[PDB]
Amino acid sequence: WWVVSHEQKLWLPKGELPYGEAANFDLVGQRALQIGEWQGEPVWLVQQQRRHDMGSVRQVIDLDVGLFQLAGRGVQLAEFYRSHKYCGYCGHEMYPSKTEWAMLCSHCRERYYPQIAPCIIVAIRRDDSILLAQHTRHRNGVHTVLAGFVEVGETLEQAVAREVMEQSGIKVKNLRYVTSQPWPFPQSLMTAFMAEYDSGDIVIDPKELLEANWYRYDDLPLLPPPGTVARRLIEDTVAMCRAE
Amino acid sequence: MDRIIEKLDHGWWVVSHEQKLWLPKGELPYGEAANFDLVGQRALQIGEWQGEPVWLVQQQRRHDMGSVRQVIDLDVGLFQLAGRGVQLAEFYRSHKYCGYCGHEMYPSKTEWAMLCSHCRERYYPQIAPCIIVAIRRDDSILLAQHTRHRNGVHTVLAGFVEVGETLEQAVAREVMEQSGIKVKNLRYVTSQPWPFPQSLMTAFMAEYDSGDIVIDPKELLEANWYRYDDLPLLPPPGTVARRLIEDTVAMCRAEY
Ligand SMILES: [Zn+2]
Ligand SMILES: [Zn+2]
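Residues numbered from 1 in each chain as written, not as in the entry; some residues may be left out. Chains lettered and ligands numbered in written order. Heavy atoms only, no water.

- Identification of chain B as NADH pyrophosphatase from Escherichia coli BL21(DE3) is taken from the PDB entry.
- Its PDB record names the entry "Crystal structure of NudC complexed with dpCoA".

- Chain A is annotated in the PDB entry as NADH pyrophosphatase from Escherichia coli BL21(DE3).

**Section: empty space enclosed by the protein**
Residues and elements named next belong to chain A.
So, point 1. One pass over the structure, following the stated rule, counts three cavities of 30 Å³ or more.
So, point 2. Contributing elements (two or more residues each) for the lining of the largest cavity: α1 (65–83), β12 (171–183) and β13 (188–199).
So, point 3. Along the lines of polarity and charge, the residues of the lining of the largest cavity split into seven nonpolar, four polar and three charged. (1 Å grid on protein atoms, 1.4 Å probe; cavity = no way out; pocket = protein on both sides within 12 Å on 5 of 7 lines; lining within 4 Å. Points joined across faces, edges and corners; volume = space filled by probe spheres on them. Helix = DSSP H or I, 4+ residues; strand = E, 2+ residues; numbered from the N terminus. Nonpolar A, V, L, I, M, F, W, Y, C, P; charged D, E, K, R; others polar.)

**Topic: the interface of chain A and chain B**
So, point 1. Each side of the interface is counted separately: chain A has 37 residues, and chain B has 38 residues.
So, point 2. Our count for the chain A to chain B interface comes out at two salt bridges.
So, point 3. With its nearest N and O atoms 3.3 Å apart, the salt bridge here joins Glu121 of chain B to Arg82 of chain A.
So, point 4. Counting residues per element, the ones that place at least two in the side of chain A that touches chain B are α1, α2 (156–167), β12 and β13 of chain A. (Contact = heavy atoms within 4.5 Å. Salt bridge = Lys/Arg side-chain N within 4 Å of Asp/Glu carboxyl O.)

**Some points on the coordination of the zinc ion (ligand 1)**
Around a metal, the idealised angle for a tetrahedral arrangement of four donor atoms is 109.5 degrees; for an octahedral arrangement of six donor atoms it is 90 or 180 degrees.
Residues and elements named next belong to chain A.
So, point 1. Of the protein atoms, only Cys87 (SG), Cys90 (SG), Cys105 (SG) and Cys108 (SG) coordinate the zinc ion (ligand 1), at distances of 2.3 to 2.4 Å.
So, point 2. For the zinc ion (ligand 1), all donor residues lie on one chain, and their spacing in sequence is C-x2-C-x14-C-x2-C. Pair noted here: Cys90 is in the loop between α1 and β6 (94–96) and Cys108 is in the loop between β7 (103–105) and β8 (111–112), with a separation of 18 residues, a long-range link.
So, point 3. With relative accessibility at 18%, the residue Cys90 sits in the buried group. (Donors = N, O, S within 2.8 Å, 3.2 Å for Na, K, Ca; no water. Buried < 20%, exposed > 50% of the residue type's maximum accessible area, 1.4 Å probe, protein only.)

**Thoughts on the sheet that holds β8 of chain A**
Residue and element names in this part refer to chain A.
So, point 1. Taken together, three strands build an open sheet; the order of strands is β6-β7-β8 and the sheet is antiparallel. Where the open sheet ends on each side, the last strands, each with one partner, are β6 and β8.
So, point 2. Bridge count between β7 and β8: two bridges; the pairing is antiparallel. Bridge pairing in β8 places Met103 opposite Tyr112. (Pairing = 2+ DSSP bridges.)

**Description of the coordination of the zinc ion (ligand 2)**
Residues and elements named next belong to chain B.
So, point 1. Only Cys98 (SG), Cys101 (SG), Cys116 (SG) and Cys119 (SG) from the protein reach the zinc ion (ligand 2) as donors, at distances of 2.2 to 2.4 Å.
So, point 2. Because the angles between the four donor atoms bound to the zinc ion (ligand 2) fall within 100 to 125°, the donor set is best described as tetrahedral.
So, point 3. Within one chain, the residues serving as donors to the zinc ion (ligand 2) are arranged as C-x2-C-x14-C-x2-C. (Tetrahedral: all angles 85-135°; square planar, octahedral: opposite > 155°, others 65-115°.)

**Observations concerning the side chain of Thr202 of chain B**
So, point 1. For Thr202 of chain B, the location among the structural elements is in strand β15 (residues 199–210).
So, point 2. Among residues more than four places away in sequence, those in contact with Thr202 of chain B are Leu156 of chain A together with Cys130, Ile131, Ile132, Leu167, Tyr188, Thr190 and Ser191 of chain B.

**As for the layout of surface pockets**
Residue and element names in this part refer to chain B.
So, point 1. Taken as a whole, the second largest pocket spans an internal volume of roughly 1200 Å³.
So, point 2. Among the elements of the structure, β11 (128–137), β12 (140–146), β13 (157–160), α2 (167–179), β14 (182–194), β15 and α3 (240–255) are those that each provide at least two residues to the lining of the second largest pocket.
So, point 3. No other element matches β13, which puts four residues into the lining of the second largest pocket.
So, point 4. Among the residues making up the lining of the second largest pocket, the classes are represented as 17 nonpolar, ten polar and six charged.

**Looking at the nonpolar core**
So, point 1. Ranked by size, the top nonpolar core spans 73 residues in total, and within it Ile124 of chain A together with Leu28 and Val133 of chain B carry the most contacts.
So, point 2. For this core, the leading source of residues is helix α1 (residues 76–94) of chain B, giving nine residues.
So, point 3. Dropping the residues within four chain positions of it, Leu28 of chain B is found in contact with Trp12, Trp13, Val14, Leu21, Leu23, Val71, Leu74, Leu78 and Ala82 of chain B.
So, point 4. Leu67, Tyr89, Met94 and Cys105 of chain A belong to the second largest nonpolar core, which has 26 residues in total. (Core = buried A, V, L, I, M, F, W, Y, C linked by side-chain atoms within 4.5 Å.)

**Here's the deal with the pairing of strand β4 (residues 41–47) of chain A**
All names here are of chain A.
So, point 1. Relative to β4, strand β1 (residues 2–6) is paired through four bridges, and the arrangement is parallel. Among the inter-strand pairings, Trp2 is bridged to a residue of β4, identified as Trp44.
So, point 2. Relative to β4, strand β3 (residues 33–38) runs antiparallel, the two sharing five bridges. Among the inter-strand pairings, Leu33 is bridged to a residue of β4, identified as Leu45.
So, point 3. Hairpin connection between β3 and β4: a loop of two residues separates the two successive antiparallel strands, and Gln39 in this loop has a positive phi of roughly 55°.

**Here we look at α1 of chain A**
So, point 1. The terminal C-alpha atoms of α1 of chain A, which comprises 19 residues, lie 26 Å apart, in line with the 27 Å expected from a rise of 1.5 Å per residue.
So, point 2. When you tally the buried positions in α1 of chain A, you get 16 out of 19 residues, the bulk of the element. (Expected span 1.5 Å × (residues − 1).)

**Focus on the pairing of strand β6 (residues 52–58) of chain B**
Residue and element names in this part refer to chain B.
So, point 1. Taken across its seven residues, β6 has six buried, putting it largely inside the fold.
So, point 2. Alignment of strand β2 (residues 10–17) against β6, held across five bridges, turns out to be parallel. Looking across to β6, one finds that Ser16 is bridged to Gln58.
So, point 3. In this structure, strand β5 (residues 42–49) lies alongside β6, joined through five bridges in antiparallel fashion. Across the sheet, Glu48 pairs through a bridge with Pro53, a residue of β6.
So, point 4. Connecting β5 to the antiparallel partner β6 that follows it, the hairpin turn spans two residues, and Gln50 within it adopts a positive phi of roughly 50°.

**Description of the domain arrangement of chain A**
All names here are of chain A.
So, point 1. According to the domain assignment, chain A contains domain 1 (1–114) and domain 2 (115–244).
So, point 2. With centres defined by C-alpha atoms, the gap from domain 1 to domain 2 works out at 32 Å.
So, point 3. Listed per partner, the contact involves ten residues of domain 1 and eight residues of domain 2.
So, point 4. For the pair domain 1 and domain 2, the summed buried surface comes to about 790 Å²; carbon and sulfur atoms form 67% of the total.
So, point 5. Taken together, the connections running from domain 1 to domain 2 amount to zero salt bridges.
So, point 6. One can count two residue pairs in polar contact joining domain 1 with domain 2. (Domains from an automatic or database assignment. Buried area = accessible area lost by both parts, 1.4 Å probe. Polar contact = N/O pair within 3.5 Å; in protein donor to acceptor, adjacent residues only side chain to side chain.)

See below:
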């Protein structure tokens, strides 16, 4: 597998992740780093830009989960190296380590390691209903649960409460951890919670959400596809709402 | 809040540099800026505690710069804010120049981020997810003594989460690598930001399933099962490690 990546995009001839060999992809004489293995065969990363067919990681989301994770990991690793061409501490140019995935500074002892951004996702239940919302940046017509990034100095539970307050203005109680899941393109670790309505009315921040409302277990809108963590949280919340 | 300290400013003062903070007499400064020679310095409000603002000052003092571990006896909420200041100061120092283009960066005033004057790129503080698990075998708890620090404290197992790994996978891999044990009934309990240097601890409880205790002499001196009511020296209150131990003990007390 050949993952040719640049500026958070990857080369996708015809929408396909390159597979086969370098002679047919103009990788002859270029540098490549083996980043993984899928179906018993190596997966390669090439830091090179292409005149046409460069594409985002979302386009290859329909692929095998192992292969999708590996392709996005390569994109993140190429972006990691791009993000630390210069050392943040002193400004001098850096170079990649030959022993581990990291950047070393030519001038000072400091170094960088790939960032995993911890984040939360939470389904809020109010009696017979669940809070679902559409996003302003991703106006795909799908109603889903709330999510956000964990900040320095807060717990996963504090991140949930803050993000719900910022995005919808609701106070929640009885947080319950369900599961967790690694997302490759932006590298991050999402943790899944369930929550119960405590108090407050829906006030949305338009710069994050297009709309939000309480939807009854017997009246659900367009939901995330089965197999996603968001849909699992919704299905577990709805099962409980139906049961109660 | 980002501004220069005046004459009438007061609160909690986190003066931090190179993973340390100023702890005169081992205490977290509290009071008027005039009493700490902070008037005229740049400070960032990083939170507030019981109605008083908590300020971050990026400054190295000649003396009494130590680890935030020394104020672990403060209230958890305040300790979290003290750790936030230390982590934020290290994050700002690490992003003086933009990694993508080399140009000087400036702090965002709407969020904890560094923005580039020349580029469109930005950076957010790096937080390393970690798992910590208390393993229970009937009326006993697994406690381990670290070779790296011979402090006599016995504690639970912990490790960094690897790339492309779930929290549950990390617990299974870390427990197997450290002790050679397989666990069952894994249950998440809580999380704690641990600024040593920038970890986010996720706390689990688990029960012994199978496997023999096989440890690395280079990393652990010993690992033994201790009965819930007869435990050895433990890590002090304020650590999520102690919370897992106490919650495990409480479960044993309820069942036995
Ligand atoms: Zn440097
Ligand atoms: Zn830049």
